[PDB]
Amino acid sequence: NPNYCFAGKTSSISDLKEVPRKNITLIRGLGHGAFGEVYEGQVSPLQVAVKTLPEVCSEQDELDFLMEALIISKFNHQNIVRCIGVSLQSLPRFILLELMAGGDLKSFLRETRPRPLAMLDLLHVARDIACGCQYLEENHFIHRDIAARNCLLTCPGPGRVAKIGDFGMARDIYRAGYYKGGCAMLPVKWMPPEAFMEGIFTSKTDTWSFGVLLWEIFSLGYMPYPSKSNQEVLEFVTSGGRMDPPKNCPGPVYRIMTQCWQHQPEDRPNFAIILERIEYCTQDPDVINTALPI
C-alpha cells in the first residue's frame, strides 16, 4: 500500500470505500480519460461517473490509478467532484465519482455559445472554480493543470455549479516527482515562466493557470494563444507576451487575467484576492450587462 498524504493526514488503499460490484451498473460511455474509458453509471440510486482502469496495463498504471482514488477521496469541498467510492476488488477496476450532468466546461462553452448564456453565468463558473482553487491553496495542494477541460458542470441549465474534476497531473508529480509524458504532453499554454523553465511549482503556478482558464471562459471555449504552437507560446510568454482580451471581454475581467499573468510569482494575487475581484465584477452593472458575442 503506497501511502498518500494531504492536509497532514495519511491514508492508504484500506481507507477507500469499496462498493460491491453487484451494486454498480454502467449506462453509457462518456469518452476517455487518461487511463481508459469513463462511463455514466448507477450505484445501489446514486448517479455516478465511473473511471475505469484497462485490464491490460503496467504495475505503474495500477499504482497511478490507486493514487488518483486516494487524492480525490481525501478532498472535502463543494467545488471538487466527490468520490462515492471505488471497486478495486473486481476487474476492470473502478473509481466512482459524482456525475456531472453538464459535462466538461470546454464543451459546455462551445455548445451553449449564444447563437441566432450571459456574463453572469461566466462569472459564476469562474467564482466556483476560484473557490475550489482557494481550498487547494489553503491546504497546500498544487493542482498543476487548471484548465477548462478539467472543469465540469453539475447541469447545463441555471443553478449549474462548476467543479474541478481531474487531478491527473498532480498525481503524476506526487508519485514520481517529475512528469509519463514529455515536452509534447505538458500543458505549456497553461504554465507560467518559472514552471516550464525551472520546474518550480507553487500555488502561484495555479494563479497563472487560472488566468488562462478565465480567458478560456470569457472567449466561450477557444483554445488559448490562437494560431500559436507550444514552442511559440513558450517564447512569447517568456518575452512578456500576453493574450489580448477575448471578444467583448469587460475591462475589469481582463485586468484579473493580466494580474494572474504577472511575470514574478510574488506579484500574482492569491485565490482569496482573485475571489474578491471576481465578486466585485459580479456587482458591477457595466460588467454583467455586457452582451456576449453571437
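What we label the rigid core is the largest C-alpha set whose atoms superpose within 1.5 Å from one form to the other. All residue numbers are counted from 1 along the displayed sequence.
Consider 165 to 173 and 208 to 216 separately and indicate which one has Cα atoms farther, on average, from the shown form in 5 other deposited structures of this protein after rigid core alignment.
-> Taking the RMS over all superposed structures in 5 other deposited structures of this protein, 165 to 173 lies farther out.
Residue 199 not built in a third or more of the other entries | Residue status for residue 199: no gap in any other entry.
Is it true that residue 140 has no coordinates in a third or more of the other entries in the comparison?
-> No: coordinates for residue 140 present in every compared entry.
Which class fits the unmodelled deposited stretch between residue 116 and residue 117: none, 1 to 3, 4 to 9, or 10 or more?
-> Unresolved stretch here: 4 to 9 residues.
Residues of the deposited sequence that sit between residue 230 and residue 229 yet are not modelled | Per the deposited record, the segment joining residue 229 and residue 230 has no missing residues.
Which is higher in the entry, the mean Cα B factor of 64 to 72 or that of 252 to 260?
-> Taking the mean B-factor of the alpha carbons in each, 64 to 72 is higher.
Which wins on mean Cα temperature factor, 9 to 17 or 277 to 285?
-> Looking at the recorded C-alpha B-factors, 9 to 17 comes out higher on average.
Could you tell me which one of 192, 182, 85, 221 shows the highest CA temperature factor in the PDB record?
-> Highest C-alpha B-factor among the listed residues goes to 182.
Could you check 149, 127, 93, 110 and tell me which one carries the biggest Cα B-factor in the deposited entry?
-> That would be 110, according to the entry.
Third of chain Cα B-factors occupied by residue 173 = Its C-alpha B-factor belongs to the highest third of this chain's values.
Against its chain's modelled residues, does residue 265's Cα B factor rank lowest, middle or highest third?
-> Within its chain, residue 265 is a middle-third residue by C-alpha B-factor, going by the deposited values.
In terms of the chain's CA B-factor thirds, is residue 157 lowest, middle or highest?
-> Ranked within chain, residue 157 CA B lands in the highest tercile.
Modelled-residue ranking by C-alpha temperature factor, third containing residue 56 = Tercile = highest for this residue's CA B-factor.
Relative to the other modelled residues of the same chain, rank the CA B-factor of residue 197 and answer lowest, middle or highest third.
-> Its C-alpha B-factor, which the entry lists for residue 197, ranks in the highest third among residues of this chain.
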